[PDB]
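Shown next, in structure tokens, is the structure this report addresses.
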Amino acid sequence: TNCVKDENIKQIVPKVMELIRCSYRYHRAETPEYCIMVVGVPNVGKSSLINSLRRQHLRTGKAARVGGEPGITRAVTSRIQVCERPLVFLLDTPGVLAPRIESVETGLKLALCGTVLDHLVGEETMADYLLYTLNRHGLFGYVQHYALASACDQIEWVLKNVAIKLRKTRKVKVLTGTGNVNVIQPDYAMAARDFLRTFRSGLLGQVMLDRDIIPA
Amino acid sequence: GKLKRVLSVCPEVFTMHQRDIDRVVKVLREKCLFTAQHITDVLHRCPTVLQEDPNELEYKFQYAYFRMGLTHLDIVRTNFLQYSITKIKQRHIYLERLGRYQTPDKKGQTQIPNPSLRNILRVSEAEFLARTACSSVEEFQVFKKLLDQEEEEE
Amino acid sequence: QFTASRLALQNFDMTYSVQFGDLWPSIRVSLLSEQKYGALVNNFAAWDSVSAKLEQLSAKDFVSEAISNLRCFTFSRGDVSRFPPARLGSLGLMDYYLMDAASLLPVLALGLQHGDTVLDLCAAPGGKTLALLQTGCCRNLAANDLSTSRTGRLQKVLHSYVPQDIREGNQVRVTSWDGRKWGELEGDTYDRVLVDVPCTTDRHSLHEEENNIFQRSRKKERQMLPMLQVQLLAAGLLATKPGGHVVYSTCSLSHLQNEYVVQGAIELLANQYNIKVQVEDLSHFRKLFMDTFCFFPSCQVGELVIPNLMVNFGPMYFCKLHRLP
RNA sequence: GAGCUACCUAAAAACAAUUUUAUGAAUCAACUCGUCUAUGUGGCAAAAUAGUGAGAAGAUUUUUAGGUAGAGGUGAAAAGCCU
RNA sequence: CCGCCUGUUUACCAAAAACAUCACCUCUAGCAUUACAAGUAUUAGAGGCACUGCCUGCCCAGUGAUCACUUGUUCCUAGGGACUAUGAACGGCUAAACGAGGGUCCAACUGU
RNA sequence: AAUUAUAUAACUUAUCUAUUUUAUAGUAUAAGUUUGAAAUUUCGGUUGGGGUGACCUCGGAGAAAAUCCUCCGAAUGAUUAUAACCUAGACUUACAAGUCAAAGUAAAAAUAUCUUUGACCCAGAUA
Ligand SMILES: Nc1nc2c(ncn2[C@@H]2O[C@H](COP(=O)(O)OP(=O)(O)NP(=O)(O)O)[C@@H](O)[C@H]2O)c(=O)[nH]1
Ligand SMILES: [Mg+2]
Ligand SMILES: [Mg+2]
Ligand SMILES: [Mg+2]
Ligand SMILES: [Mg+2]
Ligand SMILES: [Mg+2]
Ligand SMILES: [Mg+2]
Ligand SMILES: [Mg+2]
Ligand SMILES: [Mg+2]
Ligand SMILES: [Mg+2]
Ligand SMILES: [Mg+2]
Ligand SMILES: [Mg+2]
Ligand SMILES: [Mg+2]
Ligand SMILES: [Mg+2]
Ligand SMILES: [Mg+2]
Ligand SMILES: [Mg+2]
Ligand SMILES: [Mg+2]
Ligand SMILES: [Mg+2]
Ligand SMILES: [Mg+2]
Ligand SMILES: [Mg+2]
């Protein structure tokens, strides 16, 4: 499903109703009102799905606050009307990620997707993994958005160029033999934040992370 | 042109006493809450409304507004007031009891798509039964007699 | 806040629509429309008199036409004409009983034989008892009802119609005791027994708001109906003598309350009490009375009466059970 | 009872310097307001002080006189204001 | 994330995401000597609502084609006449700018 | 919500004018009808917090003279041999209401047989 462009969001309701048919309902067997729950890791579009269905069937609009940051929906809220003819109701729940993330790579792959707030994983480390994956997949689309000539495999080098392209500078305390001196420096951190953003928007190419480790 | 059609269908528009015209118009304004433009549309589109007595036009409008869940625009654009009450009740009630029609609820929603008002009334009885309700002509005649008895008891 | 009638219609649409498919609308409108009454003469005082006057009214006895001792007058197909209210005869007995014609079909299918003993496990005001006691020629008929207020109605009807002499003798015996308990009281006693279990009363449930089974407070009882119905049918199955016949009657259209209850009673009786009940074919019944009735034949066990606007004589379900041993 | 406050009518007044696509633009005084913190809590004060902040040629601010009165008035609706 | 923006508000616990706001939309009114207004539909009043551009498309008798029959509506009695003559509801976002708004991050800075 | 409602706005009949061959128009008022600007008054009781359902009077039955204790019914009809008046003494009972009844007299020539509830005021129907 794509929720910004409302693609394939019609097929969900017929399938969802079909599954309920085959199953049992017991306590709620007599109720004509269908309620269902959306859950997942944060920043996957759970709240978007609610609004997108709401406008494709009920044609009213946005009912759940939608944001570009993980962790916007805080608690399980009240019911929100989503459809009319089937009359399905959707319950919205806060994103829940995991107690343990299995492999650290599993945690990098989620950090790149925006599931993890980049500040408790490190912007620089996430940037290196992004470059590592982007080069292996052959999608050298970050050398045209940002002029990088032959391209590279060192995160420090590529981050240097993009910082120059964006004319960003910091005053950073560097620690030398004779003491501490504040030196104007290219903004590596700001470059990493912007470099990840273009990847998230999609202008750096179409990527399937699980292609390599779990092709199956 | 609007006068021409009105004069042909309702020749007595000029002859009718002032009271009769004012009552019909006032019913449309105070009681039916039609806009100024719609009043002209209804009078021009269905001139016979002037002949129809007051307190009977109001009942028909409220029947559409409340029981059938229609809006002012739908009533005007379909010439609902043109038809007779008997035809409206016979066809609507048959569809409702059949379950093929359903009042818009408080939210304004209907569980099943309601048939188009043009299909309910404008079309012929044979097409209306065959297509909108998918029933038999004999049942409709029996229903009409059964409905008639209830009105007497009512 | 949906009313009890609203809930009944709401529930029926959810379930009956699936069960009956394309036929649900026709049934839906018929149930909501006014019912059709079939006049049943009292025989006795006016065995001929009432028949002549009703014939002048153009009503025709369908039972007599079907045979072509119960004679019930009904109007022609699609005729909406009503019946004049029943009047007291010169001899002091009522001319006729106006009741649902389909309600009399289970009695006609019970195959009463002369010199028999009959029981109505739950005949509250039912004319089924009146039809049974009328020309049945069944010795020592018994009536039992869970309630006492409705038991009063039964005596009223008997008093108005049945002459004192027939009723005065113990040949008619009225009781107010639990139907399920009755099975233990009189096992293998009666040749023919009619069990009309409490049912969802679909037509009355929609029309009547008061004492509606679909009320929120009575939800507990409404859910428990299938269990209670099975118990009553089993008790009657115990009571009937070896080789006896019993008919299970239900007003509702629910598959749960019609097919599962009868088969459940058979299975429970087959296991706990080690008795085998073999059903008797009723297909020929559909052919006989198709003129004045319309039946949904698919039902594996029993015959169901579907109300249609042409013939609004539904709703009734009745299955004939013969005790092989 | 509108010498406070709300809105209005009449007659008046004030706005330096610096930049600007020339303005309900920018920087920032006078002036208007009152963001955040500490103090004060019978206090200097029945709402202040000290810092820190917002606007500052405009839907700006301010002065004088008049007007609308409680079943009411006024209100860029806080059911806010009318000693 | 929220609100288009500059503005406004609970004097004395809330300055805000609330109110107003240009723009857009709906409804009412064909008129003069005290308001509206010494005005007149490009006006005035009442009220709603971010604009911008982009989508969805309620809907407007049928069938043979300006044209014939069936409908529809009325009457006279099931027969006989008379008469028809773009756009609702919605949305996703100009997309920027701006903010003593509410969250978050980095750098620096420090007696936190 | 109940009671009102010459605030407006319509109408109808009078009244008053004109005209008119009975018609029109109008209208310092009265009586109606329709709208409702407003006005006045109220928020029964039992129900963990609610939501909900319910319940509030009387009769029958168990516990056995307690209970939010457990059941059935009634706001009855049927049945008729039609069942008067008058009057000791008692029951029950806060009050109110509700029961039984000898004697005497009078109709006839066995009682009604099954087994319940609503006061006062105020309105009705009659001879
Ligand atoms: N490209 C793209 N972006 C999408 C899609 N669906 C959602 N998004 C983006 O994801 C964000 C919205 O996610 P949201 O619906 O809040 O997800 P959530 O899981 O419900 N939020 P939370 O983390 O608080 O639990 C926005 O940045 C939105 O543009 C999609 O189909 N495509
Ligand atoms: Mg002043
Ligand atoms: Mg200056
Ligand atoms: Mg400025
Ligand atoms: Mg400033
Ligand atoms: Mg500024
Ligand atoms: Mg102000
Ligand atoms: Mg407010
Ligand atoms: Mg408030
Ligand atoms: Mg703002
Ligand atoms: Mg501002
Ligand atoms: Mg202020
Ligand atoms: Mg304050
Ligand atoms: Mg502020
Ligand atoms: Mg403050
Ligand atoms: Mg606002
Ligand atoms: Mg702010
Ligand atoms: Mg730091
Ligand atoms: Mg006393
Ligand atoms: Mg005596």
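By convention here, the chains of the structure tokens are called A, B, ... in the order presented, each chain's residues are numbered starting at 1, and ligands are numbered starting at 1 in the order presented.
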Problem - Test item: chain C residues at most 10 Å from chain A, counting only C-alpha atoms, as an MDAnalysis selection string - result: chainID C and resid 10:11 14:15
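Using only C-alpha atoms (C1' of nucleotides) and all ligand atoms, we find that the residues with an atom at most 9 Å from any atom of ligand 15 are residues 34 and 35 of chain D; 13, 14 and 15 of chain E.
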Keeping N, CA, C and O atoms (P, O5', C5', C4', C3', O3' and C1' of nucleotides), export the residues of the selection given above as a PDB file, in the first residue's frame.
```pdb
ATOM      1  P     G D  34      -0.741  43.802  28.397  1.00  0.00           P
ATOM      2  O5'   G D  34       0.398  42.709  28.587  1.00  0.00           O
ATOM      3  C5'   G D  34       0.602  41.679  27.626  1.00  0.00           C
ATOM      4  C4'   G D  34       1.922  40.986  27.843  1.00  0.00           C
ATOM      5  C3'   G D  34       2.018  40.184  29.136  1.00  0.00           C
ATOM      6  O3'   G D  34       2.897  39.079  28.958  1.00  0.00           O
ATOM      7  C1'   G D  34       3.604  41.928  29.182  1.00  0.00           C
ATOM      8  P     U D  35       2.334  37.578  28.985  1.00  0.00           P
ATOM      9  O5'   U D  35       3.609  36.710  28.605  1.00  0.00           O
ATOM     10  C5'   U D  35       3.589  35.800  27.518  1.00  0.00           C
ATOM     11  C4'   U D  35       4.975  35.298  27.214  1.00  0.00           C
ATOM     12  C3'   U D  35       5.723  34.668  28.379  1.00  0.00           C
ATOM     13  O3'   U D  35       5.377  33.307  28.572  1.00  0.00           O
ATOM     14  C1'   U D  35       7.138  36.191  27.233  1.00  0.00           C
TER      15        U D  35
ATOM     16  P     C E  13      -5.216  36.669  36.519  1.00  0.00           P
ATOM     17  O5'   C E  13      -4.173  35.939  37.479  1.00  0.00           O
ATOM     18  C5'   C E  13      -2.780  35.942  37.203  1.00  0.00           C
ATOM     19  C4'   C E  13      -2.222  34.541  37.160  1.00  0.00           C
ATOM     20  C3'   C E  13      -2.501  33.754  35.891  1.00  0.00           C
ATOM     21  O3'   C E  13      -1.564  34.044  34.868  1.00  0.00           O
ATOM     22  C1'   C E  13      -2.931  32.408  37.808  1.00  0.00           C
ATOM     23  P     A E  14      -2.047  34.485  33.403  1.00  0.00           P
ATOM     24  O5'   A E  14      -2.569  33.136  32.751  1.00  0.00           O
ATOM     25  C5'   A E  14      -1.772  31.962  32.742  1.00  0.00           C
ATOM     26  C4'   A E  14      -2.072  31.130  31.526  1.00  0.00           C
ATOM     27  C3'   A E  14      -2.144  31.904  30.215  1.00  0.00           C
ATOM     28  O3'   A E  14      -0.874  31.985  29.587  1.00  0.00           O
ATOM     29  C1'   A E  14      -4.108  30.599  30.482  1.00  0.00           C
ATOM     30  P     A E  15      -0.322  33.367  28.986  1.00  0.00           P
ATOM     31  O5'   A E  15      -0.936  33.420  27.519  1.00  0.00           O
ATOM     32  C5'   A E  15      -0.580  32.454  26.532  1.00  0.00           C
ATOM     33  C4'   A E  15      -0.223  33.111  25.221  1.00  0.00           C
ATOM     34  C3'   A E  15       0.927  34.103  25.289  1.00  0.00           C
ATOM     35  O3'   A E  15       1.537  34.219  24.004  1.00  0.00           O
ATOM     36  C1'   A E  15      -1.091  35.262  24.858  1.00  0.00           C
TER      37        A E  15
END
```
Practice task
Excluding residue 55 of chain B and any residue of its chain fewer than 3 positions from it, enumerate the residues within 10 Å of it, using only C-alpha atoms (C1' of nucleotides), and give them as a list in words.
Solution key: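 Here the qualifying residues turn out to be residues 23, 24, 27, 31, 52, 58, 59 and 60 of chain B.
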May I have the selected residues written with C-alpha atoms, as a PDB file, in the first residue's frame?
```pdb
ATOM      1  CA  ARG B  23     -50.480  30.593   0.999  1.00  0.00           C
ATOM      2  CA  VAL B  24     -48.720  28.280  -1.464  1.00  0.00           C
ATOM      3  CA  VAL B  27     -45.696  27.378   2.724  1.00  0.00           C
ATOM      4  CA  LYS B  31     -42.548  25.928   6.384  1.00  0.00           C
ATOM      5  CA  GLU B  52     -52.448  21.836  -4.668  1.00  0.00           C
ATOM      6  CA  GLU B  58     -46.135  20.683   3.348  1.00  0.00           C
ATOM      7  CA  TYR B  59     -46.830  17.038   4.179  1.00  0.00           C
ATOM      8  CA  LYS B  60     -45.313  15.886   0.884  1.00  0.00           C
TER       9      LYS B  60
END
```
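The residue set within 12 Å of residue 13 of chain D, counting only C-alpha atoms (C1' of nucleotides) and dropping same-chain residues fewer than 5 places from it, reads residues 61, 62, 63 and 64 of chain D.
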Handout entry: Interface residues on chain F facing chain C, 8 Å, only C-alpha atoms (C1' of nucleotides), written as a ChimeraX atom specification
Key = /F:53,72-73,78
Problem - Å distance separating atom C1' of residue 36 of chain D from atom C1' of residue 112 of chain E, one decimal place - result: 17.4 Å
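Those protein and nucleic acid residues that have any atom within 6 Å of ligand 1 are, using only C-alpha atoms (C1' of nucleotides) and all ligand atoms, residues 2, 3, 4, 42, 43, 44, 45, 46, 47, 48, 66, 67, 68, 70, 71, 72, 73, 94 and 95 of chain A.
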Handout entry: ligand 17 neighbours within 9 Å using only C-alpha atoms (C1' of nucleotides) and all ligand atoms, as a ChimeraX atom specification
Key = /E:15-16,99-101
Practice task
Apply DSSP to the backbone of this structure and, from segment 20-92 of chain B, keep only the residues in helix (DSSP H, G or I); write these as number ranges by chain.
Solution key: B: 20-31, 36-45, 47-49, 57-67, 72-78, 80-82, 85-92
Practice task
Using only C-alpha atoms (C1' of nucleotides), determine which residues lie at most 10 Å from residue 4 of chain D, disregarding the query and same-chain residues fewer than 5 positions distant; provide the list as a list in words.
Solution key: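 Result of the neighbour search: residues 82 and 83 of chain D; 11 of chain E.
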At a cut-off of 9 Å, list the chain B residues touching chain A, using only C-alpha atoms, as a compact mmCIF listing (two decimals) with N, CA and C atoms, in the first residue's frame.
```
# COMPACT_ATOMS: atom_id res chain seq x y z
N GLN B 109 -25.72 8.70 6.81
CA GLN B 109 -25.16 7.53 6.15
C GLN B 109 -26.22 6.46 5.95
N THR B 110 -26.04 5.66 4.91
CA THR B 110 -26.93 4.55 4.60
C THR B 110 -26.09 3.30 4.36
N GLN B 111 -26.49 2.19 4.97
CA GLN B 111 -25.72 0.96 4.86
C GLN B 111 -25.73 0.41 3.44
N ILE B 112 -26.82 0.63 2.70
CA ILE B 112 -26.95 0.13 1.34
C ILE B 112 -27.15 1.31 0.40
N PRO B 113 -26.63 1.26 -0.83
CA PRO B 113 -26.84 2.39 -1.75
C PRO B 113 -28.31 2.53 -2.11
```
Closest contacts (chain F/ligand 20, max 9 Å, only C-alpha atoms (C1' of nucleotides) and all ligand atoms) as a Markdown table:
```
| residue | atom | partner | partner_atom_place_in_ligand_line | distance |
| --- | --- | --- | --- | --- |
| F:102 | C1' | ligand 20 | 1 (Mg) | 6.9 |
| F:103 | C1' | ligand 20 | 1 (Mg) | 6.6 |
| F:104 | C1' | ligand 20 | 1 (Mg) | 8.0 |
```
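For ligand 4, the set of protein, DNA and RNA residues within 8 Å, based on only C-alpha atoms (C1' of nucleotides) and all ligand atoms, reads residues 24, 25, 26, 55 and 56 of chain D; 6 of chain E.
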Output of the above residues as a PDB file, in the first residue's frame, restricted to C-alpha atoms (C1' of nucleotides):
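Result written to selection04.pdb:
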```pdb
ATOM      1  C1'   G D  24       0.008  46.119   8.625  1.00  0.00           C
ATOM      2  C1'   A D  25       9.146  45.381   5.432  1.00  0.00           C
ATOM      3  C1'   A D  26      13.986  44.915   8.526  1.00  0.00           C
ATOM      4  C1'   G D  55       5.659  45.506  18.618  1.00  0.00           C
ATOM      5  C1'   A D  56       7.716  50.013  17.544  1.00  0.00           C
TER       6        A D  56
ATOM      7  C1'   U E   6       1.229  41.756  10.774  1.00  0.00           C
TER       8        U E   6
END
```
Handout entry: Check: which chain B residues lie within 12 Å of chain E using only C-alpha atoms (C1' of nucleotides), as a ChimeraX atom specification
Key = /B:1-2,4-11,33-37,45-49,51,71-74,76-84,116-119,121-128
N, CA and C atoms of the current selection, written as a compact mmCIF listing (two decimals), in the first residue's frame:
```
# COMPACT_ATOMS: atom_id res chain seq x y z
N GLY B 1 -40.26 32.78 -21.06
CA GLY B 1 -40.62 31.39 -21.28
C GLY B 1 -41.22 30.73 -20.05
N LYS B 2 -40.75 31.12 -18.86
CA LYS B 2 -41.27 30.52 -17.64
C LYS B 2 -42.76 30.76 -17.49
N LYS B 4 -44.86 31.17 -19.92
CA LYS B 4 -45.58 30.41 -20.95
C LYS B 4 -45.93 29.01 -20.46
N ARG B 5 -44.94 28.30 -19.90
CA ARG B 5 -45.21 26.96 -19.40
C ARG B 5 -46.20 26.99 -18.25
N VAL B 6 -46.05 27.96 -17.35
CA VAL B 6 -46.95 28.06 -16.20
C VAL B 6 -48.38 28.29 -16.66
N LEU B 7 -48.57 29.20 -17.62
CA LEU B 7 -49.92 29.50 -18.09
C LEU B 7 -50.57 28.28 -18.73
N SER B 8 -49.82 27.54 -19.54
CA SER B 8 -50.39 26.38 -20.22
C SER B 8 -50.85 25.32 -19.23
N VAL B 9 -49.97 24.92 -18.31
CA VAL B 9 -50.30 23.83 -17.40
C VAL B 9 -51.35 24.28 -16.39
N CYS B 10 -51.24 25.51 -15.89
CA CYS B 10 -52.13 26.04 -14.85
C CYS B 10 -52.75 27.34 -15.36
N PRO B 11 -53.81 27.24 -16.16
CA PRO B 11 -54.41 28.47 -16.71
C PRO B 11 -54.99 29.40 -15.66
N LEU B 33 -38.83 26.12 3.89
CA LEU B 33 -37.51 26.73 3.90
C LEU B 33 -36.79 26.52 2.57
N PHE B 34 -37.47 26.87 1.48
CA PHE B 34 -36.87 26.88 0.16
C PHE B 34 -36.27 28.26 -0.11
N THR B 35 -35.15 28.28 -0.82
CA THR B 35 -34.52 29.54 -1.17
C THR B 35 -35.35 30.28 -2.21
N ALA B 36 -35.04 31.57 -2.39
CA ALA B 36 -35.79 32.38 -3.34
C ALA B 36 -35.72 31.80 -4.74
N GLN B 37 -34.53 31.37 -5.16
CA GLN B 37 -34.39 30.81 -6.51
C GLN B 37 -35.19 29.53 -6.66
N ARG B 45 -41.26 24.72 -12.78
CA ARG B 45 -41.08 23.33 -13.20
C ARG B 45 -42.35 22.51 -13.03
N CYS B 46 -43.06 22.70 -11.92
CA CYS B 46 -44.30 21.98 -11.63
C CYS B 46 -45.38 23.00 -11.30
N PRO B 47 -46.00 23.60 -12.32
CA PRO B 47 -47.01 24.64 -12.06
C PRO B 47 -48.19 24.15 -11.23
N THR B 48 -48.48 22.84 -11.25
CA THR B 48 -49.65 22.33 -10.56
C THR B 48 -49.57 22.51 -9.05
N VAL B 49 -48.39 22.83 -8.51
CA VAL B 49 -48.26 23.02 -7.07
C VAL B 49 -49.21 24.11 -6.59
N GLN B 51 -52.18 24.76 -7.69
CA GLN B 51 -53.49 24.14 -7.51
C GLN B 51 -53.54 23.36 -6.21
N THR B 71 -32.79 16.10 0.20
CA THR B 71 -32.40 17.48 0.47
C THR B 71 -33.19 18.42 -0.44
N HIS B 72 -33.13 19.71 -0.11
CA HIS B 72 -33.85 20.70 -0.90
C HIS B 72 -33.44 20.63 -2.36
N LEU B 73 -32.14 20.53 -2.63
CA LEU B 73 -31.68 20.50 -4.01
C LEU B 73 -32.22 19.28 -4.75
N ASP B 74 -32.21 18.12 -4.10
CA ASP B 74 -32.72 16.91 -4.73
C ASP B 74 -34.20 17.05 -5.07
N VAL B 76 -35.94 19.79 -5.70
CA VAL B 76 -36.17 20.73 -6.79
C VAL B 76 -35.74 20.13 -8.12
N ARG B 77 -34.55 19.52 -8.16
CA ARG B 77 -33.98 19.06 -9.41
C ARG B 77 -34.67 17.81 -9.96
N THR B 78 -35.53 17.16 -9.18
CA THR B 78 -36.20 15.94 -9.60
C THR B 78 -37.71 16.11 -9.75
N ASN B 79 -38.24 17.29 -9.45
CA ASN B 79 -39.68 17.55 -9.54
C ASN B 79 -40.45 16.55 -8.67
N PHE B 80 -39.97 16.35 -7.45
CA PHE B 80 -40.64 15.44 -6.53
C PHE B 80 -42.06 15.90 -6.23
N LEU B 81 -42.23 17.20 -5.98
CA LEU B 81 -43.54 17.73 -5.65
C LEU B 81 -44.54 17.53 -6.78
N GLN B 82 -44.07 17.30 -8.00
CA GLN B 82 -44.97 17.09 -9.13
C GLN B 82 -45.84 15.86 -8.91
N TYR B 83 -45.26 14.78 -8.37
CA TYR B 83 -45.97 13.52 -8.26
C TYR B 83 -47.01 13.56 -7.15
N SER B 84 -47.94 12.61 -7.21
CA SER B 84 -48.99 12.48 -6.21
C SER B 84 -48.47 11.72 -4.99
N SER B 116 -31.79 5.58 -7.15
CA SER B 116 -31.92 6.97 -7.57
C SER B 116 -33.38 7.38 -7.63
N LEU B 117 -33.66 8.61 -7.20
CA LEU B 117 -35.04 9.08 -7.15
C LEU B 117 -35.70 9.01 -8.51
N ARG B 118 -34.94 9.18 -9.59
CA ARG B 118 -35.51 9.04 -10.92
C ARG B 118 -35.95 7.61 -11.18
N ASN B 119 -35.23 6.63 -10.64
CA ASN B 119 -35.64 5.24 -10.79
C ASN B 119 -36.89 4.93 -9.98
N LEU B 121 -39.53 6.95 -9.09
CA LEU B 121 -40.78 7.60 -9.48
C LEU B 121 -40.91 7.82 -10.98
N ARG B 122 -39.88 8.37 -11.62
CA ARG B 122 -40.02 8.78 -13.02
C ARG B 122 -40.29 7.59 -13.93
N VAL B 123 -39.65 6.45 -13.65
CA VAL B 123 -39.73 5.30 -14.54
C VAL B 123 -41.12 4.67 -14.47
N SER B 124 -41.43 3.81 -15.44
CA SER B 124 -42.70 3.12 -15.47
C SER B 124 -42.76 2.06 -14.37
N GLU B 125 -43.99 1.64 -14.05
CA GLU B 125 -44.18 0.64 -13.01
C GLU B 125 -43.48 -0.67 -13.36
N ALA B 126 -43.59 -1.10 -14.62
CA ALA B 126 -42.97 -2.36 -15.02
C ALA B 126 -41.46 -2.32 -14.83
N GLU B 127 -40.82 -1.25 -15.30
CA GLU B 127 -39.38 -1.10 -15.10
C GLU B 127 -39.06 -0.91 -13.62
N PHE B 128 -39.90 -0.17 -12.90
CA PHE B 128 -39.65 0.09 -11.49
C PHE B 128 -39.62 -1.21 -10.69
```
Exercise for the section: Compile the contact shell of segment 28-34 of chain F as a VMD selection string: residues with an atom at most 12 Å away, counting only C-alpha atoms (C1' of nucleotides), same-chain residues fewer than 6 positions apart removed. Expected result: (chain B and resid 23 26 to 27 30 to 31) or (chain F and resid 6 9 to 16)
Problem - Nearby polymer residues, ligand 19, at most 12 Å, only C-alpha atoms (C1' of nucleotides) and all ligand atoms, as a ChimeraX atom specification - result: /F:92-98
Limited to N, CA and C atoms (P, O5', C5', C4', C3', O3' and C1' of nucleotides), could you put the picked residues into a file as a PDB file, in the first residue's frame?
```
ATOM      1  P     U F  92     -58.456  -8.421  65.800  1.00  0.00           P
ATOM      2  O5'   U F  92     -57.895  -7.669  64.514  1.00  0.00           O
ATOM      3  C5'   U F  92     -57.738  -8.351  63.280  1.00  0.00           C
ATOM      4  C4'   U F  92     -57.755  -7.394  62.114  1.00  0.00           C
ATOM      5  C3'   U F  92     -56.986  -6.097  62.306  1.00  0.00           C
ATOM      6  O3'   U F  92     -55.595  -6.244  62.078  1.00  0.00           O
ATOM      7  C1'   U F  92     -59.121  -5.618  61.421  1.00  0.00           C
ATOM      8  P     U F  93     -54.561  -5.187  62.700  1.00  0.00           P
ATOM      9  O5'   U F  93     -55.202  -3.776  62.346  1.00  0.00           O
ATOM     10  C5'   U F  93     -54.943  -3.155  61.098  1.00  0.00           C
ATOM     11  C4'   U F  93     -55.380  -1.716  61.098  1.00  0.00           C
ATOM     12  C3'   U F  93     -54.863  -0.857  62.240  1.00  0.00           C
ATOM     13  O3'   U F  93     -53.489  -0.505  62.126  1.00  0.00           O
ATOM     14  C1'   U F  93     -57.166  -0.468  61.965  1.00  0.00           C
ATOM     15  P     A F  94     -52.985   1.007  61.930  1.00  0.00           P
ATOM     16  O5'   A F  94     -53.825   1.864  62.980  1.00  0.00           O
ATOM     17  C5'   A F  94     -53.370   2.084  64.307  1.00  0.00           C
ATOM     18  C4'   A F  94     -53.430   3.547  64.666  1.00  0.00           C
ATOM     19  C3'   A F  94     -54.564   4.342  64.030  1.00  0.00           C
ATOM     20  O3'   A F  94     -55.780   4.242  64.753  1.00  0.00           O
ATOM     21  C1'   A F  94     -52.522   5.494  63.721  1.00  0.00           C
ATOM     22  P     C F  95     -57.182   4.124  63.980  1.00  0.00           P
ATOM     23  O5'   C F  95     -57.227   5.419  63.064  1.00  0.00           O
ATOM     24  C5'   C F  95     -57.658   6.672  63.568  1.00  0.00           C
ATOM     25  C4'   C F  95     -57.595   7.720  62.490  1.00  0.00           C
ATOM     26  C3'   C F  95     -58.428   7.435  61.250  1.00  0.00           C
ATOM     27  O3'   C F  95     -59.785   7.816  61.397  1.00  0.00           O
ATOM     28  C1'   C F  95     -56.239   8.031  60.600  1.00  0.00           C
ATOM     29  P     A F  96     -60.957   6.874  60.839  1.00  0.00           P
ATOM     30  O5'   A F  96     -60.742   6.884  59.263  1.00  0.00           O
ATOM     31  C5'   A F  96     -60.811   8.092  58.520  1.00  0.00           C
ATOM     32  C4'   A F  96     -60.291   7.904  57.120  1.00  0.00           C
ATOM     33  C3'   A F  96     -60.871   6.725  56.356  1.00  0.00           C
ATOM     34  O3'   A F  96     -62.132   7.006  55.778  1.00  0.00           O
ATOM     35  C1'   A F  96     -58.526   6.682  56.171  1.00  0.00           C
ATOM     36  P     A F  97     -63.331   5.951  55.916  1.00  0.00           P
ATOM     37  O5'   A F  97     -62.828   4.688  55.091  1.00  0.00           O
ATOM     38  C5'   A F  97     -62.734   4.732  53.676  1.00  0.00           C
ATOM     39  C4'   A F  97     -61.788   3.682  53.149  1.00  0.00           C
ATOM     40  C3'   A F  97     -62.281   2.247  53.203  1.00  0.00           C
ATOM     41  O3'   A F  97     -63.162   1.921  52.145  1.00  0.00           O
ATOM     42  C1'   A F  97     -60.089   2.341  54.053  1.00  0.00           C
ATOM     43  P     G F  98     -64.342   0.860  52.381  1.00  0.00           P
ATOM     44  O5'   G F  98     -63.577  -0.479  52.771  1.00  0.00           O
ATOM     45  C5'   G F  98     -62.708  -1.111  51.845  1.00  0.00           C
ATOM     46  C4'   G F  98     -62.063  -2.338  52.436  1.00  0.00           C
ATOM     47  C3'   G F  98     -63.006  -3.458  52.834  1.00  0.00           C
ATOM     48  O3'   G F  98     -63.389  -4.257  51.730  1.00  0.00           O
ATOM     49  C1'   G F  98     -61.441  -3.080  54.568  1.00  0.00           C
TER      50        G F  98
END
```
Exercise for the section: Rounded to one decimal place, report the atom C1' of residue 85 of chain F-atom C1' of residue 109 of chain F distance in Å. Expected result: 19.5 Å
Completion exercise
Taken to one decimal, the atom CA of residue 26 of chain C-atom CA of residue 135 of chain B distance is 7.9 Å
Handout entry: Exercise answer, 9 Å around ligand 8 with only C-alpha atoms (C1' of nucleotides) and all ligand atoms, as a PyMOL selection string
Key = (chain D and resi 77-79) or (chain E and resi 18-19)
Exercise for the section: May I ask you to write as a list in words all residues lying at most 9 Å from ligand 2, with only C-alpha atoms (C1' of nucleotides) and all ligand atoms counted? Expected result: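 Every residue with an atom at most 9 Å from ligand 2 is listed here: residues 2, 3, 65, 66 and 67 of chain D.
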